[PDB]
Amino acid sequence: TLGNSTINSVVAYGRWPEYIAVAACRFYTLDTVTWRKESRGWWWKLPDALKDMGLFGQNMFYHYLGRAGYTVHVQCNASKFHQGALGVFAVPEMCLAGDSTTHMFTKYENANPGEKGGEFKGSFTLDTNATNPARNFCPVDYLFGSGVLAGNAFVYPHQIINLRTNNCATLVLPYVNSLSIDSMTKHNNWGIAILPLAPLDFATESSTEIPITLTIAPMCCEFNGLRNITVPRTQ
Amino acid sequence: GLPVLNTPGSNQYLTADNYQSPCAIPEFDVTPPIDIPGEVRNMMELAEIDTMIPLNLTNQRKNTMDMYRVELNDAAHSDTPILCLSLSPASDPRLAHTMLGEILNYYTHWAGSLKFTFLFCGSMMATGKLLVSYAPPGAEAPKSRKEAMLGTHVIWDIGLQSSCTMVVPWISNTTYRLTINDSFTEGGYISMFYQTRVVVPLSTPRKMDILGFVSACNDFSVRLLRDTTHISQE
Amino acid sequence: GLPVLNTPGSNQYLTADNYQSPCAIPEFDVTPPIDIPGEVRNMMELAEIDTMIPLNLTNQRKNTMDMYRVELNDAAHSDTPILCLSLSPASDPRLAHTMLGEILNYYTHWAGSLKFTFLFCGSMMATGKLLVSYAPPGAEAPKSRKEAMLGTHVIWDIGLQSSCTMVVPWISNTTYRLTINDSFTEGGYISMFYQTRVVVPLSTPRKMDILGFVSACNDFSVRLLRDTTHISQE
Amino acid sequence: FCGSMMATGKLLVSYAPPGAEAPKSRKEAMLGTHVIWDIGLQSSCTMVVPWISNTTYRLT
Amino acid sequence: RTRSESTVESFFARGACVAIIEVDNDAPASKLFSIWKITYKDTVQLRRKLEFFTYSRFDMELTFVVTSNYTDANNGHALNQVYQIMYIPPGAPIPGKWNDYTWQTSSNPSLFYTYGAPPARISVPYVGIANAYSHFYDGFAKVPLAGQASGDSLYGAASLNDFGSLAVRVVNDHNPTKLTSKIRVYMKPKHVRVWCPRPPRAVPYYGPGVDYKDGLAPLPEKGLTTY
Ligand SMILES: CCCCCCCCCCCCC/C=C/[C@H](O)[C@H](N)CO
């Protein structure tokens with residue numbers, strides 16, 4: 001229980017979140033995504049995904065500096081006759097490859113999608129529109145979206161949701177950064193990547209879909225540098 | 001001044017030397033470190049992390065996610081192997097690009113035990129027993145469960161538990177093996193077989209996937225740092 | 001003689017080295033020092049001295065004395081800013097050429113609090129209240145007293161006292177800021193507003209001047225000595 | 001929950017103190033007090049609504 | 001069997017080439033001085049080794065190997081050359097000509113190397129403005145604000161890895177004959193601490209970021225039931 005919100009667990013690097021506001025930092029439920037047979041994966045950025053969550057987003061945009069750990073709870077239930085496996089990875093500094101011949105050309109509005117996040121692709125497509133480039137991420141699942149083999153992503157803090165065994169995953173991420181505190185609007189400290197390690201299947205049904213829900217609670221929150229409100233440009 | 005005599009090796013630059021040099025920014029006030037999570041002291045700590053094995057490197061599967069999945073079915077029992085692996089953790093293409101293999105490709109000599117974990121990703125209604133075997137080198141690679149049973153092995157009941165670990169203990173004539181394909185320092189064979197068949201009830205998927213992970217044990221060590229073949233510049 | 005081996009870096013001249021050399025005038029009888037007033041041990045001691053800010057760098061004012069004077073009047077209250085400053089003490093053209101800025105332009109990194117003093121130079125019969133605000137970076141620069149009031153600020157009563165100091169405390173994501181214009185190490189905004197208006201009786205000047213001074217606080221420090229851009233040779 | 005033993009699912013039960021518009025979606029409900037109920041784990045779930053009032057008593 | 005050679009110190013205890021700076025000694029198509037921005041991302045081997053981790057602290061040892069040659073046969077002889085390597089920290093004035101005043105290097109550290117001497121060498125401590133170096137930065141230097149026109153900074157680019165440049169020239173007045181020189185820069189991290197291990201790069205690098213363009217199919221073909 002954290003605040004008025006209530007409900008194996010993995011503590012990233014064995015380090016519980018710690019201090020170097022209090023009401024605002026509680027469990028928030030993002031929009032549900034649909035796991036299909038042909039799904040490739042999903043990603044979110046923290047604190048970006050929580051930027052429109054009650055008082056936590058207000059504190060994000062009213063302060064120059066902020067820091068927080070997180071507790072991420074992935075929820076996905078199915079029957080005993082379903083099969084499939086998900087890998088949930090927490091990546092510090094989760095930089096994703098772009099889609100253009102120009103290096104680092106992804107624009108701010110696409111790098112910070114919010115609680116909807118983005119999806120991995122099965123292959124790499126190069127954006128050719130030069131007059132109006134998309135300037136979006138093109139994260140390939142087997143390259144883990146950053147030019148590394150997804151099979152080695154298990155070096156990151158992670159959990160596995162095997163449908164025959166468990167239906168939930170819990171990751172406790174401490175604040176990780178080269179600084180004690182940073183700008184929450186400039187920098188995403190954590191990334192969450194969910195990849196289907198084993199494809200979803202249900203007997204004699206090429207139609208089954210099951211929901212995945214993420215609930216994220218910021219922890220050990222600190223804010224500093226109160227000023228007027230930041231209003232980032234949107235697309 | 002003091003009489004001195006210049007020995008051979010004077011004025012050479014050895015890139016592996018350990019010498020003092022003058023500081024180009026004296027009296028710099030260095031930023032103190034903070035307690036960042038996830039500090040690493042030894043590269044072996046990374047080799048001791050389980051990473052998924054790209055076992056299914058077929059023409060249509062390599063360089064996709066399908067290369068990580070090995071398919072089982074509920075067909076009748078057979079003695080044909082499910083998977084066959086060479087115990088060459090740095091030169092076998094299926095182990096070379098795991099975290100363990102990537103670390104090994106920066107060194108010339110390796111020794112120590114290995115850990116292979118297998119995760120069954122079928123329905124909860126599926127049952128079956130599998131045999132996982134390691135054969136030390138020297139004989140022909142086992143092609144049936146009869147030959148595989150003679151080596152080290154474990155029996156995995158998926159119904160009882162969804163993940164099973166087999167430790168391959170260090171057994172070598174030499175004190176270290178080379179990180180390349182070499183007959184004199186060959187490692188052996190890892191094989192998987194059906195002990196019984198996989199059984200499912202009705203209204204259940206009849207095909208399912210297993211996944212493989214490999215890591216090093218606490219007795220693992222490497223020697224003779226060297227450049228890798230996994231990165232090149234054009 | 002003694003066996004020696006010449007390591008790399010031999011025979012180089014590093015202008016920042018610290019080595020001994022032979023004395024070209026041995027046995028010189030050096031004149032002893034006297035107790036001269038005004039000795040300095042640290043360049044930061046010079047950066048801790050208040051110097052006047054050339055705030056009014058307009059076309060007709062720059063490179064004259066008028067660039068140091070900011071004019072107030074007794075007009076009706078408004079929320080328009082009186083002055084706007086970027087907290088870039090080495091790269092903002094209004095702070096770069098103060099003593100603090102001149103010292104900062106010999107270094108690459110700076111950290112610590114700043115002190116801004118404002119002196120009101122009207123008649124003794126003038127009254128008024130002003131608002132002086134610092135907004136940390138990240139948001140749009142405040143364009144009205146409503147936005148400025150949300151940041152750090154002080155209220156200055158000129159009738160009560162003719163000089164008022166606002167300390168801008170050190171607030172940064174990084175441990176040091178760069179002495180150039182850089183977005184990642186931006187400092188924030190300093191702004192001045194009318195809290196009430198300036199009121200004068202009859203037979204009194206209706207326009208007057210304020211002056212600005214800046215200095216560093218005792219927690220200030222700099223790093224990585226470098227050449228300045230404020231002097232050049234042709 | 002009175003379904004079959006083969007049924008699974010997670011439900012969200014929320015209490016919102018008064019003052020704002022009544023929540024019409026899970027996004028608004030999640031901001032108040034709430035609990036997550038896993039029917040597969042347990043068939044009965046209790047949410048305590050704690051006493052939160054401006055007045056010392058409410059009228060019936 | 002100890003793990004002495006797999007410690008983080010031993011893993012990085014090598015001088016790795018990171019740059020080849022080319023200069024010419026000629027009368028003023030030539031380049032009488034060169035500016036190299038200090039980075040380890042011009043090469044691949046050291047970059048891949050470092051990007052096993054997210055954060056790092058270390059001192060740096062720089063070694064300079066200088067080679068030179070005549071451009072034309074029997075065109076004449078030359079006297080031994082002296083090279084100046086001046087560190088220009090960010091903000092210091094940048095040379096614009098071979099003979100401009102900036103080379104006086106009153107406050108910039110400078111190194112004078114005589115050709116034929118053993119490679120030059122200096123050391124610097126950990127100079128990061130943050131508590132550690134960032135190999136990866138998932139953010140922007142500027143947040144674009146509503147009202148701003150079409151805060152457009154590049155993704156991942158931040159001044160936390162801005163360390164200045166090296167300006168390299170030949171101090172000698174120009175010979176009657178043209179000479180070409182190359183200075184190879186070798187980096188060795190020392191007293192290394194690292195944090196947050198990452199999977200190693202699997203496809204060719206493309207730019208200073210993590211973008212990929214080519215060679216996306218690294219793994220070969222291998223039968224499932226073949227040893
Ligand atoms: C006087 C001759 C020149 C000697 C001075 C050399 C330049 C001073 C060192 C600047 C470079 C700092 C070390 C660089 C560290 C790496 O780039 C970081 N890992 C970046 O993430």
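First the proteins, then the strands, lettered A, B, ... as listed; each starts at 1. We use all heavy atoms of the structure for the numbers below, so side chains are in, but hydrogens, waters and symmetry mates are not.
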field: Sequence neighbours excluded, every pair satisfying salt bridge (charged side-chain N to carboxylate O under 4.0 Å, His left out) that has a member inside residues 129-146 of chain A
entry: A/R40-A/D141, A/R135-E/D152
message: Give me the atom names and distance for the closest heavy-atom approach of E/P90 to E/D162.
response: CB-OD2, 3.6 Å
message: What verdict does the side-chain hydrogen bond (donor to acceptor under 3.5 Å, both in side chains) test give for C/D182 and E/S159, after you've listed the backbone C-alpha separation in whole Å, the side-chain angles of each residue and the deciding distance to 0.1 Å?
response: CA-CA 7 Å; C/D182 169 56; E/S159 69; 2.4 Å; yes
- request: Taking salt bridge (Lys or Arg N to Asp or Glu O under 4.0 Å) as the test, write out the residues that go with A/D52, two or more places apart.
  value: none
- request: To the nearest 0.5 angstrom, please state how far the CZ atom of E/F140 sits from the OG1 atom of A/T106.
  value: 7.0 Å
query: Between the side chains of E/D42 and E/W36, does any donor sit under 3.5 Å from an acceptor?
result: yes
statement: Correct closest heavy-atom pair for A/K186 and C/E186 would be NZ-OE2, 3.3 Å
task: Fit a plane to each ring of A/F89 and A/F144, take the angle between them on a 0 to 90° scale, and name the class: parallel (under 30°), tilted (30 to 60°) or perpendicular (over 60°).
output: perpendicular
Ignoring hydrogens and angles, write down the donor-acceptor pairs under 3.5 Å from the side chains of residues 117-127 of chain A, residues two or more places apart or on other chains.
residue: A/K121; atom: NZ; partner: A/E119; partner atom: O; Å: 2.8
residue: A/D127; atom: OD2; partner: A/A134; partner atom: N; Å: 3.1

message: To the closest 0.5 Å, what do you measure between CD1 (A/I192) and CG (A/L30)?
response: 10.0 Å
task: Quick one: closest heavy-atom pair of A/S178 and E/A132, and the distance?
output: CB-O, 3.6 Å
side-chain hydrogen bond (donor to acceptor under 3.5 Å, both in side chains) evaluation trace for C/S88 with C/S86: CA-CA 5 Å; C/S88 300; C/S86 289; 5.3 Å; no
query: Got a donor-acceptor contact below 3.5 angstrom from the E/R14 side chain to the E/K188 backbone?
result: no
Indicate every side-chain donor-acceptor pair of residues 228-235 of chain A with a distance under 3.5 Å to a residue at least two apart or in another chain.
residue: A/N228; atom: ND2; partner: C/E140; partner atom: O; Å: 3.1
residue: A/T230; atom: OG1; partner: A/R227; partner atom: NH1; Å: 3.1
residue: A/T230; atom: OG1; partner: A/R227; partner atom: NH2; Å: 3.3
residue: A/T230; atom: OG1; partner: C/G138; partner atom: O; Å: 3.3
residue: A/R233; atom: NE; partner: A/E109; partner atom: OE2; Å: 3.2
residue: A/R233; atom: NH1; partner: E/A149; partner atom: O; Å: 2.8
residue: A/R233; atom: NH1; partner: E/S150; partner atom: O; Å: 3.4
residue: A/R233; atom: NH2; partner: A/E109; partner atom: OE2; Å: 3.1
residue: A/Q235; atom: OE1; partner: A/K107; partner atom: NZ; Å: 3.4
residue: A/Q235; atom: NE2; partner: A/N110; partner atom: OD1; Å: 3.1

statement: Sequence neighbours excluded, the answer for ring-ring contact (aromatic ring centres under 6.0 Å, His included) partners of E/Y205 is none
task: With side-chain hydrogen bond (donor to acceptor under 3.5 Å, both in side chains) as the test, would you mind laying out the steps for B/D227 and B/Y106 before giving the verdict?
output: CA-CA 6 Å; B/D227 276 325; B/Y106 278 106; over 6 Å; no
- prompt: Do the side chains of E/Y206 and A/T101 get nearer than 4.5 Å, heavy atoms only?
  reply: yes
- request: For the residue pair A/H187 and E/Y137, categorise the inter-ring angle as parallel (less than 30°), tilted (30 to 60°) or perpendicular (more than 60°).
  value: parallel
message: For A/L46, run the side-chain contact (heavy atoms from CB on, under 4.5 Å) check against A/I216, A/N189, A/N188 and tell me which one passes.
response: A/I216
Smallest separation among heavy atoms of C/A139 and E/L145, with atom names: C-CD1, 3.7 Å
For residues 211-220 of chain E, which side-chain donor-acceptor pairs fall under 3.5 Å, sequence neighbours excluded?
residue: E/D211; atom: OD1; partner: A/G98; partner atom: N; Å: 2.6
residue: E/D211; atom: OD2; partner: A/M104; partner atom: N; Å: 2.9
residue: E/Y212; atom: OH; partner: A/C138; partner atom: O; Å: 3.0
residue: E/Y212; atom: OH; partner: A/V140; partner atom: N; Å: 3.0

- request: Could you pull out the closest heavy-atom pair between A/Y64 and C/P136, with the gap in Å?
  value: CB-CB, 3.8 Å
side-chain contact (heavy atoms from CB on, under 4.5 Å), paired with C/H109, selected from C/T175, C/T174, C/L178: C/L178
Give the table of side-chain donor-acceptor pairs shorter than 3.5 Å for residues 15-23 of chain E, with sequence neighbours excluded, one pair per line with atom names and distance.
residue: E/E22; atom: OE2; partner: E/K31; partner atom: NZ; Å: 3.3

message: Quick check on the 6.0 Å ring-centre criterion: do A/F154 and B/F213 meet it?
response: yes
- prompt: Is the gap between the ring centers of A/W43 and A/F137 under 6.0 Å?
  reply: yes
- request: Could you give me the CA-CA distance, side-chain angles and deciding distance for A/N177 and A/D182, then say whether side-chain hydrogen bond (donor to acceptor under 3.5 Å, both in side chains) is met?
  value: CA-CA 8 Å; A/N177 198 6; A/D182 205 331; 3.3 Å; yes
- request: Check whether more than 12 heavy atoms from other residues, nucleotides or ligands sit under 6.0 Å from atom OH of A/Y62, and answer yes or no.
  value: no
- prompt: A/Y70 and A/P47: which non-hydrogen atoms are nearest, and at how many Å?
  reply: OH-CB, 3.1 Å
query: Under 4.5 Å between any side-chain heavy atoms of E/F163 and E/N161, yes or no?
result: yes
Residues which pass side chain to side chain donor-acceptor pair (under 3.5 Å) with A/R36, listed by chain and number, not counting sequence neighbours: A/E209
- prompt: Looking at E/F136, is E/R198 sitting on its ring face, NZ or CZ under 6.0 Å from the six-membered ring centre and within 45 degrees of the normal?
  reply: yes
- prompt: Looking at residues at least two apart in the chain, or sitting in another chain, which of them share a salt bridge (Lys or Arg N to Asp or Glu O under 4.0 Å) with E/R47?
  reply: E/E51
message: Using a strict threshold of under 4.0 Å (side-chain N to carboxylate O), is an ion pair present between B/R61 and E/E221?
response: no
Stacked cation flag A/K51 on A/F61, 6.0 angstrom / 45 deg: no
task: Under the side-chain contact (heavy atoms from CB on, under 4.5 Å) rule, collect the residues that match up with E/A92, sequence neighbours excluded.
output: C/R226, E/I88, E/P89, E/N108
- request: Applying side chain to side chain donor-acceptor pair (under 3.5 Å), name anything that partners B/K62, two or more places apart in sequence or on another chain.
  value: none
message: Tell me if the aromatic rings of E/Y55 and E/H135 count as close, with their centers under 6.0 Å from one another.
response: no
field: Carboxylate-amine/guanidinium contact B/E102 E/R201, below 4.0 Å
entry: no
Which residues share a side-chain contact (heavy atoms from CB on, under 4.5 Å) with A/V74, sequence neighbours left out: A/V72, A/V88, A/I161, A/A169, A/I194, A/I212, A/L214
